[PDB]
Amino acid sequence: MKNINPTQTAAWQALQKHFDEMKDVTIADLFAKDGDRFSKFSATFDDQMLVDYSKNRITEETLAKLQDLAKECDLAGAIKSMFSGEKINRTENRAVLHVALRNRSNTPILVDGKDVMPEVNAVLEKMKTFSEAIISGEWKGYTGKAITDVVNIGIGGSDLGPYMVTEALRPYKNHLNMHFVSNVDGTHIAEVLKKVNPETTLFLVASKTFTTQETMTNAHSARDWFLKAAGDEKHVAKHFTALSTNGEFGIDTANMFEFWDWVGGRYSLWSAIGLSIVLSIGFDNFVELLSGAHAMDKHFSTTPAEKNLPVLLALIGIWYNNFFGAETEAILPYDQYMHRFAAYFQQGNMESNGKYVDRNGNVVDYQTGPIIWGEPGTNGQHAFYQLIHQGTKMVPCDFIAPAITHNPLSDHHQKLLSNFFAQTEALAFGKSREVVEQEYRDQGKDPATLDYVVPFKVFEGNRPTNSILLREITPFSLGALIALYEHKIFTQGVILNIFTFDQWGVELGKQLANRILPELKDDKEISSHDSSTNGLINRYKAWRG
């Protein structure tokens, strides 16, 4: 696929001059000029997800020039290269096919001359029939009891998605109690072990590689704990399954749910790694989750760029990331269930596009991926919005909300939504000194005596947002929402000329921690490192317990 340096193109030069003309233009002005602005800068996916990008510092012209850049970088070809199984993960020489995982239409997708769909579909059928055995109570523990608790053990890609989605979709859950263990910090597994009974608990050891130190440390601790009660290791097979590839660990071959190298960790909840999702909400809802991503995959691969939502959001993201130079993006779902959605995308986005060497192997001199953060509304709202309204850093926000709650109480939801609508309105348009002063007059006060407070109550506004309204958070709509960002992330990586699907940047810390661990196993003064590392290691030895 093409490896075009976006900064050296004519479209980039044109975006540069446009930015100079645009940089002080105001969102309030853009709305003042065009009364139908919302209808020109919004679109709806599948009659259920409205994406309103109208409160942005953009004109029809900005989008056109940004579309010129996507075309110059051959975005259309990159998309076709991904969906068809071309081996675009060049540093690892791999296909990138999380789209095959949810390919409900079952069109063949080839890797090394072979259709991947039959194996994709076999693992799924296996997850269905396994989940039925667990959920129905047909599958029994070692003392002949039904499973009540399922404990996922994994880190990164094997943890954030399954945790995020089972939380997001609690309204769809069955009776099984779900736990997600990931930190090597012992408190994580210890806090779980003390709540669960060895005879009714199912562990899933999730790990692309099955070598990860954290996951295997945790899996071994769970194994040990289990055996302290069960006594005999023949019982392990009723209580442990694997989500990976590697068996002497003690897991029945038949208990191994496989996935493939062309499945990135941070794009893996759709595969065998999603079993904890299947066990929590059942196989049908999992398939609904797959179906939603699929419909969004279809939208992305067949919709013309001007009406293509992943592209539009990607392009708007680039305008701020690369022309305004904002470092961050906030993701703010007005939905407590979705309290882990921002966190998931910290890996989805930052591990994909947090890169500095281009597809041609050259260090870049322009910005790559942004820093993703956020908490759900209204929680985030009462923590850190002060800075978003009145700080000195521009933070583009995505506000997300369902029209329908799963927990309707009094007027909670209308109160929740009123903030959803109000915050973006506030961010865009602000509140001038004259309005501030007029409020003080309406109280019979003379604002001239209030210079100590008045200037601090002014909101400059002009702060951009997207708003995403869905009918309701369903497995299907959530599936669609996740993939929407997956493909924004894709689109940004193609344009920024980087490799969105590898992650060599995690290596050095693992290798450095590898050298350090053995040094902790004696009572000796360490001096093989720089003076800081030495200092900290030696103080630890002096203070440890």
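So that there is no doubt, residue numbering starts at 1 and follows the sequence shown.
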Between residue 246 and residue 247, the number of deposited residues left without coordinates comes to 4 to 9
As the entry reports it, the stretch among 474-482 and 516-524 with higher mean C-alpha B factor is 516-524
Between 331-339 and 303-311, the record assigns the higher mean Cα B factor to 303-311
Entry record, C-alpha B-factors for 442, 358, 288, 425; the maximum is at 442
Highest CA B factor of 349, 182, 174, 212, as deposited, is found at 212
Quick tally, chain-level thirds of C-alpha B-factors: residue 504 sits in the middle
Chain-relative C-alpha B factor for residue 53 (record values, thirds): the lowest
Chain-relative C-alpha B factor for residue 39 (record values, thirds): the highest
In terms of its chain's C-alpha B-factors, the third that includes residue 265 is the lowest
Sorting the chain's modelled residues by C-alpha B-factor and splitting them into thirds places residue 496 in the lowest
